[PDB]
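Convention: sequence-line order gives letters A, B, ...; per-chain numbering from 1.
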Amino acid sequence: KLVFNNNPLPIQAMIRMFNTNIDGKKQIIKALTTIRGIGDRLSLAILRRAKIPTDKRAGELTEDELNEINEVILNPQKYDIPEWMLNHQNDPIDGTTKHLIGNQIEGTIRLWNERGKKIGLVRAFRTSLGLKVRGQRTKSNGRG
Amino acid sequence: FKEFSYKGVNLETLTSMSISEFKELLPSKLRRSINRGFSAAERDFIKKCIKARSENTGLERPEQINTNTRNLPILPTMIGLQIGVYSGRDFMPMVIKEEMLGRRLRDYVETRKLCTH
Amino acid sequence: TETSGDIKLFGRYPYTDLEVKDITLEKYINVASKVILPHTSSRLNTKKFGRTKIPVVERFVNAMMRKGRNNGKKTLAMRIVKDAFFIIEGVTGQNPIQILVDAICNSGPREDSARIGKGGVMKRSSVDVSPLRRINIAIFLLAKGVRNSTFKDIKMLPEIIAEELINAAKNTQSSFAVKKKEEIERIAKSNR
Amino acid sequence: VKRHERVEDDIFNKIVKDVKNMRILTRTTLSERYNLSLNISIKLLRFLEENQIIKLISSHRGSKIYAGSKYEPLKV
Amino acid sequence: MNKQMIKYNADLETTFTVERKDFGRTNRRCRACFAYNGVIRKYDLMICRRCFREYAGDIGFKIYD
Amino acid sequence: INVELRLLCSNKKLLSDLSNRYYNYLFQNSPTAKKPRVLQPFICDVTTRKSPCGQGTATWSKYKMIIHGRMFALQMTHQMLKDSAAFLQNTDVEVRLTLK
Amino acid sequence: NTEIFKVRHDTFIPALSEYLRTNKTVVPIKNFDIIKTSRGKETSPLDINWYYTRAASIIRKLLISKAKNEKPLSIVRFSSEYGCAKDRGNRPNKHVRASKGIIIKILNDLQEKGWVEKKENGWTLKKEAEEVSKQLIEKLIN
RNA sequence: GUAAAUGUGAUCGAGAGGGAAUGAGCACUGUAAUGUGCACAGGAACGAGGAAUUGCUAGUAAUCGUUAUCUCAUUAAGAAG
Ligand SMILES: [K+]
Ligand SMILES: [Mg+2]
Ligand SMILES: [Mg+2]
Ligand SMILES: [Mg+2]
Ligand SMILES: [Zn+2]
C-alpha cells in the first residue's frame, strides 16, 4: 500500500523555554513571540542563525534545536547579530550593549525609573502618576 | 561598593576630561549642541563653575551661580556646586549630583505648577 | 487561446436554449445579449427602463461590491462568481445560468405590506408588487444572505455562493433568501 | 475540540475511499467533515492531485477547486 | 540685514562667527499695511489677503471662473 | 535672413489688433506672408477667502491673470529689420526679438 | 528586434535568477538575511534568494529601457520603481522609495563582471549582458 | 520625493486583525529642540456601536492615491485642486 511520507512528526502539547510556556502546535515564528524581548523581526533573525526551518511547529523541535536557540538568545553578538538589532544599546551603567530577556525587562525599567525619582528627574515622576512624557496633549484624549 | 560611573567612565577620570572628550559619551541631541559651539552666555557660566570648584576649600559652601542657560547639558565641571536655573519667574536652586549627567538643566526644573482640581 | 468558436460565458458556458419559466417576469430578464465577460460600461442608468436591459450575471456581480470596503472592486467580484459557476455547474449538472434564473424566479415575494391611508392616519395593508420590483428584491435577498453567512466562518466565499443558489433554484427551506420571501408574504397576508 | 495537524493512517485510508463519488471538493470539505486544519487540507489535497486520484479544475489567485471520480461536465 | 553672532568652541578660548538665517514672520510684513498674518508670498507679492482683494483689479487679476 | 518676434500681452483685444496690423504690414510687403503662431497662455492664480474675519460660511475666490502671446517667424534683410523696428514702440504689448 | 517582449515576466525573472546563482555574478550584502528592502516594508523577504530576484529584475528594467530607446536609468529612478505604501499608525498610508544600498551593490557587482557600463547621467547595458538574455530566450520560448 | 488601489503566484488560518501608553538608542532642521525621520523592544481599548443624527440621482455616492497649490528653517491626520 502507498504511504504519505510528508507528515509532521509526533507532536508534544506544550514546552518550556525561559520560565515561559510555548504552544507546541504553533509554528516557530509566532511561537517565539511568547517570550518577552523576542518580537517578530528578531524571532526570524535567531532562527536563521540557529538554522531551523521556519515551518516546523514548536513541539517538533528536539532538545538540540532548543539548545541552539537558547544559546543564540543568551549571546546574540557571538552569532553575528549586530547591536542595532538588540534591546539595550550603550547601557549607561556598563557602557556595553546587551539583550534583555523575560523578567529582566521590567526589573531594568524599574531600577532605572527609581533612580531618576530618587534625584527628582521630572520624566520619572510623570510615569509613576500615569501621565504622558512624549509631548502628547492631555486635554481631549487619554481620560480615565 | 563601586565608584559612580557614567557610560563606562569613573568620576575620577570624568572630572579630568575636556568637554571635547565628554562629548563622545553624551546622547545624540546633546552632542549636536556642543558641536555647534557655545554662546557667549554659556561660556561665562562655565568659566564661573571652573573658577568656583578651584577656589572653594575647607568646609564652607561656595556661593550660588545663577543662569538662564536652560538648554545647556550638565558637565562634570559643575559637580557638587549649587546652581540656580531660571524658571521663567525665579532662579530655582539645585545641587548637581553625579546622577544628572546626560541631561539638560531644563530637565530638573518645572516652568508650570502641577494641577489638582 | 482556448477556443475559435461562438461566444460562451467565461468562454465555457453554452449561452443558448434558455427559458424564463414565469410569464410575469419575461420582458425584464436579459438572457439575450451575448457577452464574453460580465463587464459593460454601457450608460443605460440614465434612462427610464435602461437598468432592466443590463445582462443578468452583470446585475449579479454588481450586487457583490458591498459592505463599504469593497466599493468599486468589480474585478474581484468577477473572480468570485467565475469560481462559483464552476462549483455550481459541477454540483447541479446544468448550465449555471438556469440555476441563476430559477433562483430569481422563486426568491421574489409576490405580495407586500404598505401604508395606504391618506386622508387621516396611515394604516398598513397588503399590496401587489410589479414585475420589476419583484426581481429587484430577489437579487437583494440572495446577496444579503451570502454576505452575512461568510463573515466569520472558515468556509470560502465562492463555495457559499454555490450553497445558496442551488437551494434557491430548488425552492428549499435551506435558502436564507427563500425563507425571508415566506416571511414577507405571511405578514402581507396578516395585514390583508 | 480544536482541529488537527496530522493525517494519521486510518483517516488517510478512509479519505481515499470517500474522495471517489463526491463531485467538486475544496479545502473546506476536508477541514469541516474531518478535523484537519487549513494548513494540512492544502497539503493532502495537493498530494492527491499528483497521484491522479483527484483532478484540479480551477486555480485562480488562491481560490482553488478540485473534482473526484463522479464528476461530469455539460455537453454542447 | 544678515546679522552675525560669535560662538566659542569647546576650549572656551577660540572664537568663530556664524550668520543668522532670515526666516519667519519678522521680515515678511504686508507691503500695504505692515500686517504679519495672511500674507500672500506667491509670485513675489508680499501683500495680505485683505489688501489683495481691493488692489487685485488694479494689478490686473480677474475672476474668470 | 530669419527673425522671430515675440508679442507678449496681458490683454487679448490689443494683441489681436496689433498682430492684425503687423500681419497686414507683412502681406502689403508680400515676402511670402503668414499668420502668427498663438502661444500657450501663461496663467498665474491666487485663491483666497472672501471675508476679512472668521464669521459666516467660508466662501472662496480664484483670481487669475492671463499673459497671452503671439510669435511671428519671418524672412527679412537687415535693412528691413532695422527700418521696420520703428513699428515696435508705444504699445502696451511688450516686444522681444531673436536672430541667427 | 525587441526580443525581450516575446516571453512572460513571471517566467523570465525566475529563469535568469538560477543562471546568476550558479555563476555567483552578484554577491549578497552583509546581513541580507535580516535586512528589509525599504522602511515602508513590514518584514524581511520570505525568499532567502531575494537579492538574486533583484538582480534578475534590474537587468529586465535595463533591457526594456534599451528596447524603447529611453534615456539611461539612474539610482533615483530604480528607487521609485521598487517603492511602496508605508504604514503610519493612525495616519494615511504614504508612498516611499526603496533603499539605495542594495541597488548600488548590484550595479557595482555588474560593473566588475562587465555587464553594466556607467554613463555621465545613468547606467547602461553591455554586449555580454545582452547576449546572455538573447540566448536564454531562444531556448525558453521553445 | 515621479502614484495607490490593482494584476499573477506563493504563503498565514480564525484576536499572525490592531498599533495606543512606554524603554536605552541612531540621525536631521535650527541662534536655540521641546519639532521631524529611523531601528529595536512593548503590545491598551475595539469582536460592527443606545436614544438620536448628516450628505448623496451618474462618471454622482463610496473607495484609492497624488500635489513644481497654499501655509512652510523644520513641521499636514487642515483647506484648495
Ligand atoms: K477627541
Ligand atoms: Mg495594516
Ligand atoms: Mg499585523
Ligand atoms: Mg488652519
Ligand atoms: Zn495688508
Side-chain angles (χ1 to χ4, degrees), chain A residues 26-27 29-31 33 36-42 45 55 83-93 97-100 105 108-109 112-113 127 130-136 141-142, chain B residues 27-29 31-33 36-37 39 70-71 104 106, chain C residues 41 43 45-46 65-73 75-76 79 151-154, chain D residues 3 27 31 37-39 41-42 59-62, chain E residues 3 5 7 18-24 38-42, chain F residues 45-49 58 60 62, chain G residues 8-10 14 36 39 46-47 76-77 79-81 83-85 87-97:
Chain A
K26 195 166 284 166
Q27 194 153 70
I29 299 169
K30 198 235 158 184
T33 81
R36 293 203 75 176
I38 309 179
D40 58 358
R41 283 288 295 123
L42 186 71
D55 304 359
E83 63 294 331
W84 55 265
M85 290 276 180
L86 304 183
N87 279 159
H88 202 67
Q89 299 168 39
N90 305 343
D91 174 0
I93 308 304
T97 177
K98 61 192 62 163
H99 192 68
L100 307 180
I105 294 157
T108 302
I109 276 68
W112 185 260
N113 293 346
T127 67
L131 296 164
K132 299 189 182 188
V133 294
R134 299 180 193 237
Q136 303 100 319
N141 310 332
Chain B
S28 187
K29 206 168 288 185
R31 173 176 305 110
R32 189 169 168 87
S33 298
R36 293 166 66 81
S39 175
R70 288 176 49 81
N71 285 353
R104 300 178 188 279
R106 54 140 57 235
Chain C
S41 304
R43 199 186 68 265
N45 77 100
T46 309
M65 302 160 62
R66 284 190 184 143
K67 214 196 187 299
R69 62 187 186 188
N70 294 336
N71 287 346
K73 302 179 178 198
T75 51
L76 169 59
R79 161 152 49 95
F151 175 64
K152 277 170 90 174
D153 184 300
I154 58 156
Chain D
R3 297 190 292 261
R27 182 179 60 182
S31 184
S37 298
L38 300 172
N39 199 204
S41 171
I42 303 299
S59 62
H60 187 231
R61 207 72 70 104
Chain E
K3 295 178 182 288
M5 295 177 68
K7 284 168 186 287
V18 66
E19 302 218 315
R20 182 82 69 86
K21 301 198 177 189
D22 180 15
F23 60 86
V39 154
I40 302 142
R41 293 166 62 189
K42 199 171 179 177
Chain F
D45 67 333
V46 170
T47 178
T48 54
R49 202 194 209 281
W60 292 77
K62 176 166 284 211
Chain G
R8 202 179 306 252
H9 71 126
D10 68 1
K36 299 192 298 192
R39 65 184 159 98
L46 278 184
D47 57 307
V76 176
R77 181 61 193 266
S79 304
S80 179
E81 290 276 334
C84 64
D87 184 25
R88 301 150 80 229
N90 289 336
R91 294 184 290 177
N93 296 325
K94 213 164 190 77
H95 170 71
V96 326
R97 289 189 182 166

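- Sugar pucker of H:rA14 is south, as judged by a negative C1'-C2'-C3'-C4' dihedral.
- At H:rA33 the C1'-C2'-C3'-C4' dihedral is negative, so the sugar adopts a south, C2'-endo-type conformation.
- For A:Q136 and H:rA21, the shortest distance from a side-chain N or O to OP1 or OP2 is below 4.0 Å.
- Between B:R104 and the phosphate of H:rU34, there is a side-chain N or O to OP1/OP2 separation shorter than 4.0 Å.
- In this structure, of H:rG43, H:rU31, H:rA27, it is H:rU31 that holds the atom nearest to the side chain of E:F23.
- North is the pucker class for the sugar of H:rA61, given a positive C1'-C2'-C3'-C4' value.
- For the OP1/OP2 pair of H:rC72 and a distance below 4.0 Å, the side-chain nitrogens and oxygens of E:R41 include at least one atom meeting the criterion.
- Phosphate contact (OP1/OP2 of H:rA32, side-chain N/O of B:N71, threshold under 4.0 Å): absent.
- Base stacking between strand neighbours H:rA73 and H:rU74 is detected by the criterion of six-membered ring centres within less than 5.5 Å and interplanar angle below 30°.
- The six-membered base rings of H:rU71 and H:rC72 fail the test of centres under 5.5 Å apart and planes under 30 degrees, so these neighbours do not stack.
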Practice problem: Give the dot-bracket string for RNA chain H, reading 5' to 3', where a pair is Watson-Crick or G-U wobble with both distances under 3.5 Å, ( ) marks pairs inside the strand, [ ] marks pairs crossing earlier ones, | marks a partner on another strand, and . marks unpaired. | Solution: ................(....(..((((......))))..)....)...................((.((.......))))
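- Between A:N90 and H:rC26, a side-chain N or O to OP1/OP2 separation shorter than 4.0 Å is present.
- Judged on ring centres (limit 5.5 Å) and ring planes (limit 30°), H:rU29 and H:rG30 form a stacked step.
- Phosphate proximity of H:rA33 to B:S33: present, with a side-chain N or O under 4.0 Å from OP1 or OP2.
- Listed pair G:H95 / H:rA4 meets the phosphate criterion, a side-chain N or O lying under 4.0 Å from OP1 or OP2.
- In this strand, H:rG15 does not stack on its neighbour H:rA16 by the test of ring centres under 5.5 angstrom and planes under 30 degrees.
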Exercise. Produce a footprint string for nucleotides 75-81 of chain H: one letter per nucleotide, 5' end first; B if the base is under 4.0 Å from any protein heavy atom, S if only the sugar-phosphate is, - if neither.
Key: --B-S--
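- Nucleic acid contact class of G:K36 (heavy atoms, under 4.0 Å, all strands): sugar-phosphate only.
- The nearest whole Å value for the distance from the NE2 atom in A:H88 to the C1' atom in H:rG42 is 15 Å.
- A donor-acceptor contact shorter than 3.5 Å is absent between the side chain of D:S41 and the backbone of D:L38.
- For the neighbouring bases H:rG65 and H:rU66, a stacking contact is recorded, both ring-centre distance under 5.5 Å and ring-plane angle under 30° holding.
- In this structure, A:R41 does not reach the H:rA39 phosphate: none of its side-chain N or O atoms is under 4.0 Å from OP1 or OP2.
- Pucker assignment for H:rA24 gives north. The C1'-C2'-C3'-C4' angle has a positive sign.
- Using a 4.0 Å cut-off, no side-chain N or O of C:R43 falls inside it from OP1 or OP2 of H:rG59.
- Counting any heavy atom pair closer than 4.0 Å across all strands shown, E:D22 reaches no nucleic acid atom.
- For A:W112, a side-chain nitrogen or oxygen approaches OP1 or OP2 of H:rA24 to under 4.0 Å.
- Mapped onto RNA chain H by nearest heavy atom, C:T75 and B:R32 fall at different nucleotides, with C:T75 at the one closer to the 5' end.
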